[PDB]
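Before any comments, here is the structure.
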Amino acid sequence: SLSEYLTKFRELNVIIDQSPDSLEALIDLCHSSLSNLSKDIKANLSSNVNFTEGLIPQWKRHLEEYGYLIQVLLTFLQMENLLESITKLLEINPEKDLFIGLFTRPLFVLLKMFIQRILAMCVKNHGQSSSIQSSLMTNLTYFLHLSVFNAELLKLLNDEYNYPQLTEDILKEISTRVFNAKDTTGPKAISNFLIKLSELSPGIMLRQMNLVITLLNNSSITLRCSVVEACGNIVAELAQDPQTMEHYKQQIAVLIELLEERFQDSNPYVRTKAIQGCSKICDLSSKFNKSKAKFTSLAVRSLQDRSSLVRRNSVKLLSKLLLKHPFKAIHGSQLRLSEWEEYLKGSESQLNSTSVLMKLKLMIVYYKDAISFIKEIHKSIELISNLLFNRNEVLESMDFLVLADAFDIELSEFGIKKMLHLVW
Numbered sequence: 016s017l018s019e020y021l022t023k024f025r026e027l028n029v030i031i032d033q034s035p036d037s038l039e040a041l042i043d044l045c046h047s048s049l050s051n052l053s054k055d056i057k058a059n060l061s062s063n064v065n066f067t068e069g070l071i072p073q074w075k076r077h078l079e080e081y082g083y084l085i086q087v088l089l090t091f092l093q094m095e096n097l098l099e100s101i102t103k104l105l106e107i108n109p110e111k112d113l114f115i116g117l118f119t120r121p122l123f124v125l126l127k128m129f130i131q132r133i134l135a136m137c138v139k140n141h142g143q144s145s146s147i148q149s150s151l152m153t154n155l156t157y158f159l160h161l162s163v164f165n166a167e168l169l170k171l172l173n174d175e176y177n178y179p180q181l182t183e184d185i186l187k188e189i190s191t192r193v194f195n196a197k198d199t200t201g202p203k204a205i206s207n208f209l210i211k212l213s214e215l216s217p218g219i220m221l222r223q224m225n226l227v228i229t230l231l232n233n234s235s236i237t238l239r240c241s242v243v244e245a246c247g248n249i250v251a252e253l254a255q256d257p258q259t260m261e262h263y264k265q266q267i268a269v270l271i272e273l274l275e276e277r278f279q280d281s282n283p284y285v286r287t288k289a290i291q292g293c294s295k296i297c298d299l300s301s302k303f304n305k306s307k308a309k310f311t312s313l314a315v316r317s318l319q320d321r322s323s324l325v326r327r328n329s330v331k332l333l334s335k336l337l338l339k340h341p342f343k344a345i346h347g348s349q350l351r352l353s354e355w356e357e358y359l360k361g362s363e364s365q366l367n368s369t370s371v372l373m374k375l376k377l378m379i380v381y382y383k384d385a386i387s388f389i390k391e392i393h394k395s396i397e398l399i400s401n402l403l404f405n406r407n408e409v410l411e412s413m414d415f416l417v418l419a420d421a422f423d424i425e426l427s428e429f430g431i432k433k434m435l436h437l438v439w
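Taking my numbering, the leading residue of the sequence shown gets 16, the next gets one more, and so forth.
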């Protein structure tokens with residue numbers, strides 16, 4: 016009577032610890048040391064009959080009634096024992112679909128180490144990806160704190176258990192499901208979940224980036240912030256274990272182009288989050304010649320903004336790009352305009368007057384990049400000097416230009432004079 020039991024959803028110790036009617040009476044009576052001894056004896060008996068292999072309907076019944084009574088007891092509420100028993104009965108691997116559903120949904124309603132193990136070991140179902148996907152959807156739609164837990168579970172599915180089929184399936188369903196902007200507390204939870212999944216397991220979130228394009232054009236600012244932090248963490252990871260993959264290279268290219276596009280988005284929060292993302296991905300272990308060049312140009316054209324926090328975030332951008340500038344090949348920590356101009360003029364005079372030609376032309380391109388960077392820093396210093404003359408922007412911008420002046424420039428004395436004129 017599996018369907019009937021699903022729809023409906025002392026003297027006993029003398030027979031449980033030592034027929035159908037007796038089993039039904041015991042199940043009705045059981046529906047706390049006796050409960051613990053019963054769960055251990057049932058767990059080891061199930062493990063034994065599964066390791067040793069007509070009699071399956073009795074076990075099916077017993078497990079159905081026991082799961083129902085355990086669900087009732089847990090939704091009614093000495094706790095670690097029942098979690099341990101659940102983990103034990105989960106290792107022994109239709110009615111199983113409803114069984115795992117009635118284990119997951121009440122636990123989702125109730126929702127740490129044993130609970131984490133329970134949530135990790137209950138996804139061993141095969142072919143039932145639709146049910147777990149639907150439960151995760153209802154969790155993300157109704158629950159808020161379960162976002163980081165689902166992120167950790169997907170991470171364990173990524174690296175711990177190494178089951179890429181379920182991970183790819185869940186990622187495809189997440190990237191293909193429709194989203195609405197009128198959701199209350201929904202986009203924030205989804206953004207937190209995606210941020211945690213990116214900072215904790217960015218290896219799978221990158222493979223399906225060809226489909227997250229529809230999520231890249233989301234109207235919600237929280238989703239845009241989340242995907243920006245996600246691609247930032249992805250670029251960081253791809254700089255850690257370079258793997259030097261070509262598909263990952265073109266993914267980096269397209270996401271960084273989207274970042275240059277979003278650098279002028281119509282919201283201060285998404286702009287600051289993109290600023291944090293490029294601040295996290297600029298100081299990695301790579302060259303990024305054109306990447307840093309376009310970073311510097313788009314930071315020098317947008318330094319004269321209108322908001323407050325975006326201005327200080329761009330100042331921190333300039334600070335981080337100055338303290339880690341690639342112009343350290345010849346006489347590093349020195350950006351004298353005349354020192355580069357004289358070398359450029361000498362190279363241009365030597366041009367009109369094979370490997371040697373390659374090396375001198377690459378040095379010429381390097382000097383051109385250096386002089387463009389120095390004219391950009393000059394114009395940005397001019398802009399910030401005519402703009403500064405909010406106390407937070409005043410107190411956060413001093414450390415930037417003092418180290419900018421530490422690198423000797425032709426505007427050193429004029430910059431100091433402007434600083435003095437500004438401080439009063």
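Note that beta-carbon positions come from the ideal geometry of N, C-alpha and C, so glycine has one too.
| task | Please report the residue range of the alpha helix (DSSP H) in which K54 lies. | result | Start and end: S48 to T67.
| Taking the alpha carbon of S400 as the point to measure from, which residue in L416, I386 and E411 has its own alpha carbon closest? | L416
| Reduced DSSP category for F24 - H, G, I as helix; E, B as strand; rest coil | coil
| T153 (DSSP reduced to helix, strand or coil) | helix
| field | Straight-line gap, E106 to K339 (C-alpha atoms, nearest Å) | value | 52 Å
| said: With a threshold of 7 Å on Cβ separation, who are the neighbours of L230 within its own chain once the five nearest residues in sequence on each side are excluded? | reply: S190, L238 and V242
| Hey, quick one: how far does the alpha helix (DSSP H) through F164 stretch, first residue to last? | Secondary structure note for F164: its alpha helix (DSSP H) is the uninterrupted segment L161 to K170.
| Nearest-angstrom Cα distance between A135 and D298? | 35 Å
| What did DSSP end up calling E428 once you bin it into helix, strand or coil? | helix
| request: With DSSP as the reference, label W355 as helix, strand or coil. | output: helix
| Counting Cβ pairs closer than 8 Å, one from the segment 162 to 176 and one from the segment 198 to 209, do we hit at least three? | yes
| Straight-line CA distance for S216 to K197? | 29 Å
| said: If the criterion is Cβ atoms closer than 9 Å, does the pair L21 and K75 meet it? | reply: no
| Measuring from the CB of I290, is there a heavy atom of the ligand NAP at a distance below 8 Å? | The ligand NAP is not among the ligands present in this structure, which contains no ligands whatsoever.
| At what residues does the alpha helix (DSSP H) containing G292 begin and finish? | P283 to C297
| field | Cβ contact check for the segment 243 to 259 and the segment 304 to 314: 3 or more pairs under 8 Å | value | no
| message | In whole angstroms, give me the CA-to-CA distance for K335 and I290. | response | 11 Å
| request: Quick one: using the 10 Å Cβ neighbour count with 16 as the cut-off for buried, is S235 buried or exposed? | output: buried
| request: Inspect the CB distances between the segment 389 to 397 and the segment 347 to 356 and report whether three or more fall short of 8 Å. | output: The answer is yes - the segment 347 to 356 touches the segment 389 to 397, with three or more Cβ pairs under 8 Å.
| query | Just to confirm, are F114 and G142 a CB contact at a threshold of 9 Å? | reply | no
| query | For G201, which residues of its own chain have a beta-carbon under 7 Å away from its beta-carbon, when the five flanking residues on both sides are left out? | reply | These residues qualify, in order along the chain: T156.
| Among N177, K54, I379 and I431, the one whose alpha carbon lies nearest that of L359 | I379
| request: Leaving out five residues on either side along the sequence, give the residues of the same chain with a beta carbon under 7 Å from the beta carbon of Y176. | output: none
| task | Confirm, please, whether the CB-CB distance from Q86 to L60 is below 9 Å. | result | no
| task | For the alpha helix (DSSP H) holding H141, just list the boundary residues, first then last. | result | Looking at the DSSP string, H141 is not in any alpha helix (DSSP H), and its letter there is neither H nor E.
| task | Inspect the CB distances between the segment 277 to 294 and the segment 357 to 375 and report whether three or more fall short of 8 Å. | result | no
| Exposure of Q266, with buried meaning 16 or more beta-carbon neighbours within 10 Å | buried
| task | Determine the closest residue to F342 out of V371, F303 and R316, with distance taken between C-alpha atoms. | result | Comparing C-alpha distances from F342 to each of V371, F303 and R316 shows the shortest one belongs to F303.
| message | Considering Cα atoms alone, identify which of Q223, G292, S281 and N233 is closest to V250. | response | That would be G292, whose Cα lies nearest to the Cα of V250.
| query | Taking the runs of the alpha helix (DSSP H) that are 4 residues or longer, which of them lie wholly in the segment 172 to 224? | reply | 179 to 191, 201 to 215 and 217 to 220
| Between the CA atoms of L78 and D184 - distance to the nearest angstrom | 29 Å
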